[PDB]
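*Asks:* Next up, run.csv (CSV, C-alpha atoms).
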```
chain,number,residue,atom,x,y,z
A,1,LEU,CA,116.4,75.1,123.1
A,2,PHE,CA,116.3,78.5,124.8
A,3,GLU,CA,112.9,79.9,125.7
A,4,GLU,CA,111.4,82.8,127.6
A,5,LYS,CA,108.2,81.0,128.6
A,6,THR,CA,105.1,83.2,128.8
A,7,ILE,CA,103.7,83.1,132.3
A,8,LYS,CA,101.2,86.0,131.8
A,9,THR,CA,99.8,87.7,128.7
A,10,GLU,CA,97.9,91.1,128.5
A,11,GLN,CA,96.0,91.9,125.3
A,12,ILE,CA,96.5,95.6,124.8
A,13,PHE,CA,95.0,96.3,121.3
A,14,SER,CA,93.3,94.3,118.6
A,15,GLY,CA,92.9,96.5,115.5
A,16,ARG,CA,92.3,95.9,111.8
A,17,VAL,CA,96.0,95.5,110.9
A,18,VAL,CA,97.9,94.6,114.0
A,19,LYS,CA,97.3,93.3,117.5
A,20,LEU,CA,99.5,94.3,120.4
A,21,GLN,CA,100.1,92.0,123.4
A,22,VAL,CA,102.5,92.2,126.3
A,23,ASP,CA,103.9,88.9,127.4
A,24,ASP,CA,105.4,88.4,130.9
A,25,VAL,CA,108.3,86.0,130.6
A,26,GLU,CA,110.5,84.0,133.0
A,27,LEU,CA,114.2,84.7,132.7
A,28,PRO,CA,117.0,82.2,133.5
A,29,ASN,CA,117.2,84.6,136.5
A,30,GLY,CA,113.9,83.5,137.9
A,31,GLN,CA,112.9,87.1,137.5
A,32,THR,CA,110.2,88.2,135.0
A,33,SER,CA,110.4,90.6,132.0
A,34,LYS,CA,107.8,92.2,129.7
A,35,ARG,CA,107.9,91.3,126.0
A,36,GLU,CA,106.0,93.7,123.7
A,37,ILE,CA,104.7,91.6,120.7
A,38,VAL,CA,103.0,93.0,117.7
A,39,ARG,CA,101.1,90.1,116.0
A,40,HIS,CA,100.4,90.4,112.3
A,41,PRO,CA,98.8,87.9,109.8
A,42,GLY,CA,101.6,87.6,107.5
A,43,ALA,CA,102.0,88.7,103.9
A,44,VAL,CA,102.6,87.3,100.4
A,45,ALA,CA,104.8,89.5,98.1
A,46,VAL,CA,105.4,89.0,94.4
A,47,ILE,CA,108.5,89.5,92.3
A,48,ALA,CA,106.8,89.9,88.8
A,49,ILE,CA,109.1,90.5,85.9
A,50,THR,CA,107.5,91.2,82.6
A,51,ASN,CA,108.6,89.6,79.3
A,52,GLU,CA,110.2,93.0,78.8
A,53,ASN,CA,112.6,92.6,81.8
A,54,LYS,CA,110.6,95.3,83.6
A,55,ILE,CA,109.8,94.5,87.3
A,56,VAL,CA,106.3,95.5,88.4
A,57,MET,CA,105.9,97.7,91.4
A,58,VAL,CA,103.4,99.9,93.1
A,59,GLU,CA,103.6,103.3,94.8
A,60,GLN,CA,101.4,104.0,97.8
A,61,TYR,CA,101.3,106.1,101.0
A,62,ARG,CA,102.7,104.3,104.1
A,63,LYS,CA,101.2,106.3,106.9
A,64,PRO,CA,103.8,105.2,109.6
A,65,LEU,CA,106.5,106.6,107.3
A,66,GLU,CA,104.5,109.7,106.2
A,67,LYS,CA,105.7,109.0,102.7
A,68,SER,CA,104.8,107.1,99.6
A,69,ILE,CA,107.3,104.4,98.6
A,70,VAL,CA,107.7,102.0,95.6
A,71,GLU,CA,107.1,98.4,96.6
A,72,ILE,CA,106.7,95.0,95.0
A,73,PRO,CA,103.0,93.9,95.1
A,74,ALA,CA,102.0,92.3,98.4
A,75,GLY,CA,98.9,91.5,100.4
A,76,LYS,CA,97.9,89.7,103.6
A,77,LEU,CA,97.8,85.9,104.0
A,78,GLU,CA,94.2,84.7,104.4
A,79,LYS,CA,93.2,82.1,107.0
A,80,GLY,CA,92.9,78.7,105.3
A,81,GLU,CA,94.0,79.7,101.8
A,82,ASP,CA,96.9,78.6,99.8
A,83,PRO,CA,99.5,81.4,100.0
A,84,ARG,CA,100.3,80.8,96.3
A,85,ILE,CA,96.6,81.5,95.5
A,86,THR,CA,97.0,84.6,97.6
A,87,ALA,CA,100.0,85.7,95.5
A,88,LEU,CA,98.1,85.1,92.2
A,89,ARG,CA,95.1,87.0,93.4
A,90,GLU,CA,97.2,89.9,94.7
A,91,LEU,CA,99.2,90.1,91.5
A,92,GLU,CA,96.0,90.3,89.5
A,93,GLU,CA,94.1,92.6,91.8
A,94,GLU,CA,96.9,95.1,92.4
A,95,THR,CA,98.5,95.1,88.9
A,96,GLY,CA,96.0,93.5,86.5
A,97,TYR,CA,98.5,90.8,85.6
A,98,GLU,CA,98.2,87.1,85.2
A,99,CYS,CA,101.1,84.7,85.2
A,100,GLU,CA,102.0,81.1,84.4
A,101,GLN,CA,104.3,80.2,87.3
A,102,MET,CA,104.1,81.5,90.9
A,103,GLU,CA,107.0,79.8,92.8
A,104,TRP,CA,107.9,80.4,96.5
A,105,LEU,CA,111.3,82.0,96.8
A,106,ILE,CA,112.0,82.8,100.5
A,107,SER,CA,110.2,83.7,103.7
A,108,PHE,CA,111.4,86.0,106.5
A,109,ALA,CA,110.4,88.0,109.6
A,110,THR,CA,110.5,91.8,108.9
A,111,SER,CA,111.3,93.0,112.4
A,112,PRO,CA,111.4,90.1,114.8
A,113,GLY,CA,112.5,92.2,117.7
A,114,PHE,CA,108.8,93.2,118.3
A,115,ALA,CA,106.7,91.7,115.5
A,116,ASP,CA,105.9,88.3,114.2
A,117,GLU,CA,105.1,89.5,110.7
A,118,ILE,CA,106.4,87.1,108.1
A,119,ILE,CA,106.7,87.9,104.4
A,120,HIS,CA,106.6,85.1,101.8
A,121,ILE,CA,108.1,86.1,98.5
A,122,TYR,CA,106.9,84.5,95.3
A,123,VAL,CA,108.4,84.9,91.9
A,124,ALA,CA,105.9,85.2,89.0
A,125,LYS,CA,107.0,84.1,85.5
A,126,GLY,CA,105.0,84.4,82.3
A,127,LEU,CA,103.1,87.6,82.8
A,128,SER,CA,100.2,88.8,80.6
A,129,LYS,CA,97.6,91.5,81.1
A,130,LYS,CA,94.1,90.5,82.3
A,131,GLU,CA,91.5,92.6,80.5
A,132,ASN,CA,88.4,93.6,82.5
A,133,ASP,CA,88.2,99.8,96.3
A,134,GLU,CA,87.5,103.6,96.3
A,135,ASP,CA,89.5,103.7,99.5
A,136,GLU,CA,92.6,102.1,98.0
A,137,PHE,CA,95.2,104.4,96.4
A,138,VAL,CA,98.0,102.5,94.5
A,139,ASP,CA,100.0,103.6,91.5
A,140,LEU,CA,101.2,101.0,89.1
A,141,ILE,CA,104.8,101.2,88.0
A,142,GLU,CA,107.2,99.1,85.9
A,143,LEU,CA,110.9,99.5,86.1
A,144,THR,CA,114.1,98.2,84.5
A,145,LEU,CA,116.6,96.8,87.0
A,146,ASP,CA,118.7,99.9,86.4
A,147,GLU,CA,115.7,102.2,87.2
A,148,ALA,CA,114.9,100.1,90.3
A,149,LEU,CA,118.6,100.5,91.4
A,150,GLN,CA,118.3,104.2,90.8
A,151,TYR,CA,115.1,104.2,92.8
A,152,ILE,CA,117.0,102.7,95.7
A,153,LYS,CA,119.7,105.4,95.4
A,154,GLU,CA,116.8,108.0,95.6
A,155,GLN,CA,115.2,106.1,98.5
A,156,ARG,CA,111.9,105.8,96.5
A,157,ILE,CA,112.4,102.1,97.2
A,158,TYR,CA,112.7,102.0,100.9
A,159,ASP,CA,111.5,98.7,102.5
A,160,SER,CA,112.9,95.4,103.2
A,161,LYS,CA,110.9,93.1,100.9
A,162,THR,CA,111.5,95.4,97.9
A,163,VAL,CA,115.2,95.8,98.5
A,164,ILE,CA,115.4,92.0,98.7
A,165,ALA,CA,113.5,91.7,95.5
A,166,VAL,CA,115.7,94.2,93.6
A,167,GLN,CA,118.9,92.5,94.9
A,168,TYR,CA,117.5,89.1,93.6
A,169,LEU,CA,117.0,90.5,90.1
A,170,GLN,CA,120.6,92.0,90.3
A,171,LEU,CA,121.8,88.4,91.1
A,172,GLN,CA,119.7,86.7,88.4
A,173,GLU,CA,121.2,89.2,85.9
A,174,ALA,CA,124.8,88.8,87.1
A,175,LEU,CA,124.5,85.0,86.8
A,176,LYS,CA,122.8,85.6,83.4
A,177,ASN,CA,126.1,87.5,82.6
A,178,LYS,CA,128.1,84.5,84.0
A,179,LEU,CA,127.0,82.5,81.0
A,180,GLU,CA,127.6,85.1,78.2
B,1,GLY,CA,107.3,111.1,98.0
B,2,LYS,CA,103.9,112.5,99.0
B,3,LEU,CA,101.7,110.6,96.6
B,4,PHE,CA,98.2,109.9,97.9
B,5,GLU,CA,99.1,111.7,101.1
B,6,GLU,CA,96.8,111.0,104.1
B,7,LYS,CA,96.7,114.0,106.5
B,8,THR,CA,96.3,113.2,110.2
B,9,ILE,CA,93.0,114.6,111.4
B,10,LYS,CA,93.3,113.2,114.9
B,11,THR,CA,95.9,111.1,116.9
B,12,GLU,CA,95.2,108.8,119.8
B,13,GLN,CA,98.0,107.2,121.9
B,14,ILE,CA,97.2,103.6,122.8
B,15,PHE,CA,100.4,102.3,124.4
B,16,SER,CA,103.9,103.4,125.4
B,17,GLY,CA,106.2,100.6,126.4
B,18,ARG,CA,109.9,99.9,126.4
B,19,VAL,CA,110.3,99.0,122.7
B,20,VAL,CA,107.1,100.0,120.9
B,21,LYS,CA,104.6,102.9,121.1
B,22,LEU,CA,101.2,102.4,119.5
B,23,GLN,CA,98.9,105.1,118.3
B,24,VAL,CA,95.8,105.3,116.1
B,25,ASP,CA,95.5,108.2,113.6
B,26,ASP,CA,92.4,109.4,111.9
B,27,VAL,CA,93.4,110.4,108.4
B,28,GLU,CA,91.9,112.2,105.4
B,29,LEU,CA,92.3,110.1,102.3
B,30,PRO,CA,93.0,111.7,98.9
B,31,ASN,CA,89.2,111.5,98.1
B,32,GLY,CA,88.2,113.3,101.2
B,33,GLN,CA,86.8,110.3,103.1
B,34,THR,CA,88.2,109.3,106.5
B,35,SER,CA,90.1,106.2,107.5
B,36,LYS,CA,92.0,104.9,110.5
B,37,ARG,CA,95.8,104.2,110.7
B,38,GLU,CA,97.5,101.9,113.3
B,39,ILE,CA,101.1,103.1,113.8
B,40,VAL,CA,103.9,101.4,115.9
B,41,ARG,CA,106.7,103.9,116.7
B,42,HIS,CA,110.1,102.3,117.1
B,43,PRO,CA,113.6,103.8,117.4
B,44,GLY,CA,115.2,102.5,114.4
B,45,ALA,CA,118.5,100.6,114.2
B,46,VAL,CA,122.0,100.3,112.7
B,47,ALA,CA,123.1,96.9,111.4
B,48,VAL,CA,126.5,95.8,110.2
B,49,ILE,CA,127.6,93.5,107.4
B,50,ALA,CA,131.1,92.2,108.5
B,51,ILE,CA,133.2,90.0,106.3
B,52,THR,CA,136.3,88.5,108.0
B,53,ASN,CA,139.7,87.9,106.3
B,54,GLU,CA,138.5,84.2,106.0
B,55,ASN,CA,135.7,85.7,103.8
B,56,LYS,CA,133.1,84.6,106.4
B,57,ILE,CA,130.1,86.8,107.3
B,58,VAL,CA,129.9,87.6,111.0
B,59,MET,CA,126.5,86.8,112.6
B,60,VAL,CA,125.0,86.4,116.1
B,61,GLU,CA,122.3,84.0,117.3
B,62,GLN,CA,119.4,86.0,118.9
B,63,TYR,CA,116.3,84.7,120.7
B,64,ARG,CA,113.3,86.4,119.1
B,65,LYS,CA,110.3,86.1,121.5
B,66,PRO,CA,107.7,87.2,118.8
B,67,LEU,CA,108.9,84.3,116.7
B,68,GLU,CA,109.3,81.7,119.6
B,69,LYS,CA,112.7,81.1,118.0
B,70,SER,CA,116.4,81.8,118.0
B,71,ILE,CA,117.5,83.1,114.6
B,72,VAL,CA,120.9,84.0,113.0
B,73,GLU,CA,121.3,87.7,112.3
B,74,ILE,CA,123.9,90.3,111.5
B,75,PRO,CA,124.9,92.4,114.5
B,76,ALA,CA,122.5,95.3,115.1
B,77,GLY,CA,121.7,97.9,117.7
B,78,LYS,CA,119.4,100.8,118.5
B,79,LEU,CA,120.2,104.3,117.2
B,80,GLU,CA,121.6,106.7,119.7
B,81,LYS,CA,120.3,110.3,119.8
B,82,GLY,CA,123.1,112.7,118.8
B,83,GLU,CA,125.6,110.0,117.8
B,84,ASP,CA,126.5,109.4,114.2
B,85,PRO,CA,125.1,106.0,113.3
B,86,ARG,CA,128.5,105.1,111.8
B,87,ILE,CA,130.0,105.5,115.3
B,88,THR,CA,127.1,103.4,116.6
B,89,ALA,CA,127.8,100.7,114.0
B,90,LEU,CA,131.5,100.5,115.2
B,91,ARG,CA,130.5,100.1,118.8
B,92,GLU,CA,127.8,97.6,118.2
B,93,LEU,CA,130.1,95.5,116.0
B,94,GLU,CA,132.9,95.5,118.7
B,95,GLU,CA,130.7,94.7,121.7
B,96,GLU,CA,128.6,92.1,119.9
B,97,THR,CA,131.5,90.3,118.1
B,98,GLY,CA,134.9,91.6,119.4
B,99,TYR,CA,135.8,92.8,115.9
B,100,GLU,CA,137.3,96.1,115.2
B,101,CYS,CA,137.4,97.3,111.6
B,102,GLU,CA,139.3,99.7,109.4
B,103,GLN,CA,136.3,100.8,107.4
B,104,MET,CA,132.7,101.3,108.2
B,105,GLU,CA,130.7,102.7,105.3
B,106,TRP,CA,126.9,103.2,104.9
B,107,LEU,CA,125.3,100.9,102.4
B,108,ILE,CA,121.5,101.3,102.5
B,109,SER,CA,118.6,102.3,104.7
B,110,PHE,CA,115.1,100.9,104.6
B,111,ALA,CA,111.9,100.6,106.6
B,112,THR,CA,111.4,97.1,107.9
B,113,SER,CA,107.6,97.0,108.1
B,114,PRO,CA,106.1,100.1,106.6
B,115,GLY,CA,102.5,98.8,106.7
B,116,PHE,CA,102.5,99.5,110.4
B,117,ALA,CA,105.9,100.5,111.9
B,118,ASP,CA,108.2,103.4,111.3
B,119,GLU,CA,111.3,101.3,112.1
B,120,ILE,CA,114.2,102.3,109.9
B,121,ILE,CA,117.4,100.1,109.7
B,122,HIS,CA,120.7,101.6,108.6
B,123,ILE,CA,123.1,99.0,107.2
B,124,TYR,CA,126.8,99.6,107.3
B,125,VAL,CA,129.6,97.4,105.8
B,126,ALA,CA,132.6,96.8,108.0
B,127,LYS,CA,135.8,95.9,106.1
B,128,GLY,CA,139.3,94.9,107.3
B,129,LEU,CA,138.4,93.2,110.6
B,130,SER,CA,140.6,92.0,113.4
B,131,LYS,CA,140.0,90.6,116.9
B,132,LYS,CA,140.9,92.5,120.0
B,133,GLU,CA,131.0,85.3,126.0
B,134,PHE,CA,130.8,85.6,122.2
B,135,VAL,CA,129.0,82.2,122.3
B,136,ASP,CA,126.2,83.4,120.1
B,137,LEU,CA,128.9,84.4,117.6
B,138,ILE,CA,128.6,82.6,114.3
B,139,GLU,CA,130.8,83.0,111.2
B,140,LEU,CA,129.5,81.6,108.0
B,141,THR,CA,130.8,81.1,104.5
B,142,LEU,CA,128.6,82.2,101.7
B,143,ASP,CA,127.5,78.5,101.2
B,144,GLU,CA,126.7,77.9,104.8
B,145,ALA,CA,124.7,81.2,104.8
B,146,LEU,CA,122.7,80.0,101.8
B,147,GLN,CA,122.1,76.7,103.7
B,148,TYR,CA,121.0,78.7,106.7
B,149,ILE,CA,118.4,80.4,104.5
B,150,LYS,CA,117.3,76.9,103.4
B,151,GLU,CA,116.8,75.8,107.0
B,152,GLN,CA,115.3,79.2,107.9
B,153,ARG,CA,118.0,79.7,110.6
B,154,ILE,CA,118.5,83.0,108.8
B,155,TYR,CA,115.0,84.5,108.8
B,156,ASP,CA,114.8,88.3,109.0
B,157,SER,CA,115.0,90.8,106.3
B,158,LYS,CA,118.2,92.7,107.3
B,159,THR,CA,120.2,89.4,107.4
B,160,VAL,CA,118.8,88.2,104.0
B,161,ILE,CA,119.8,91.6,102.6
B,162,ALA,CA,123.3,90.8,103.9
B,163,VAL,CA,123.5,87.3,102.5
B,164,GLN,CA,122.4,88.8,99.2
B,165,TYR,CA,125.2,91.4,99.5
B,166,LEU,CA,127.7,88.7,100.0
B,167,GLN,CA,126.3,86.8,97.0
B,168,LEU,CA,126.6,89.9,94.8
B,169,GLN,CA,130.3,90.3,95.9
B,170,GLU,CA,131.0,86.8,94.7
B,171,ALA,CA,129.2,87.1,91.4
B,172,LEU,CA,131.2,90.3,90.7
B,173,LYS,CA,134.6,89.2,92.0
B,174,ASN,CA,134.0,86.4,89.4
B,175,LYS,CA,133.9,89.0,86.7
B,176,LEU,CA,137.4,90.4,87.5
B,177,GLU,CA,139.6,87.6,88.9
```
Would you mind writing the file's structure down as structure tokens?
*Replies:*
Amino acid sequence: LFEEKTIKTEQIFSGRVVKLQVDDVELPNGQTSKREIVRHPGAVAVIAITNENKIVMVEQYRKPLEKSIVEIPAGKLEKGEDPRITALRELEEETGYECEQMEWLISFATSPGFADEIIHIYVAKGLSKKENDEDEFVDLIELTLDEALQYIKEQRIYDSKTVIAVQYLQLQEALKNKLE
Amino acid sequence: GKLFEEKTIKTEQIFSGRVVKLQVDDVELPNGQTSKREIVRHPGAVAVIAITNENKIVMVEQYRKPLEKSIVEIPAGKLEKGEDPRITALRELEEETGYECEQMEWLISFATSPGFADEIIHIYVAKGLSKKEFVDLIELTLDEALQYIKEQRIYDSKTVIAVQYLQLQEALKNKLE
């Protein structure tokens, strides 16, 4: 199995969201090369479809993009917690929903060229509204598949986890029209 | 959009390397309070979904140091200043896979990791391919791709987006044939 073994590591930055480290790696050459590596805790994201066929989403400002975008609910993985608990808490905290099922769908790196961020997508079935930070600014949104598709066309939906989510719903519907 | 816009009140550059720049912005929240924003700057990429005449999706195995793993991905390359990304897509396909193509049309653009990076991927679909070490070259039927997702050999978001595009082709060809 191919490897670029780390022979040196320089910790460049250790912030609230990301760490940056520069790894010095051997090449088959015998020469060395720098590898810039953003380390990130990982994220749970939730595909939550209401009993009304509306997918639940949030709009928020993404400072690296200088724009607000429309995303599925997501939050960071916590150390020593079940990611499925994390998805349940993030669904309820971000969108005030409870669900019956929360089932792991797929996991993937978002930009593995420089980051080790992994997103774990969970599908939530059986949604109902729970009743009862000042620095958090999210906007709760519920869309039909066709509206989500139109939001893609408008680039209001503009990130990898949410594109994947929308495409999944498209597929679930197309295979729901492979039995009618 | 500009909902809940957070104006930069002060930028500090942390790092400027080969692939990533890192900066820290002080920002004004919508409620007037201050907060800090960690921002990786990255060039942005073009990626190609290529389906052969055998109806296989064209992929390449790539070593990904941040993952400590080799994963199976659709061909991709860095944007080039001044060059139409469609032209960049055609070159990247050809030098990564040896395929030329008769059609290269833009499908979708998205930010990979908007929580912290400004990396945008531009995905193009290459149709009508033909061949002109290529050892990392990997061609997969839909069902092998779905099995590669099960083994997590396919494991980044642009490639998953591509397998799902192949899946949607199959579940829509099945409505007309």
*Asks:* Could you tell me how far atom CA of residue A:78 sits from atom CA of residue B:30, in Å to one decimal place?
*Replies:*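 Value for the atom CA of residue B:30-atom CA of residue A:78 distance: 27.6 Å.
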*Asks:* Need the neighbours of (102.7, 104.8, 120.0): which residues are at most 6 Å away, counting all atoms listed in the file, as a ChimeraX atom specification?
*Replies:* /B:13,15-16,21-23,40-41
*Asks:* Taking into account all atoms listed in the file, which residue in the set A:14, A:9, A:68, A:170 is nearest to residue A:36?
*Replies:* A:9
*Asks:* Using all atoms listed in the file, which residues sit within 12 Å of residue A:30 once same-chain residues fewer than 2 positions away are excluded, as a ChimeraX atom specification?
*Replies:* /A:4-5,7,25-28,32-33
*Asks:* Which is closest to residue B:120 among A:159, A:135, A:66, A:52, if we use all atoms listed in the file?
*Replies:*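 Closest to residue B:120, using all atoms listed in the file: A:159.
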*Asks:* Considering only C-alpha atoms, can you say which of B:166, B:129, B:154, B:172 comes closest to residue B:59?
*Replies:* B:154
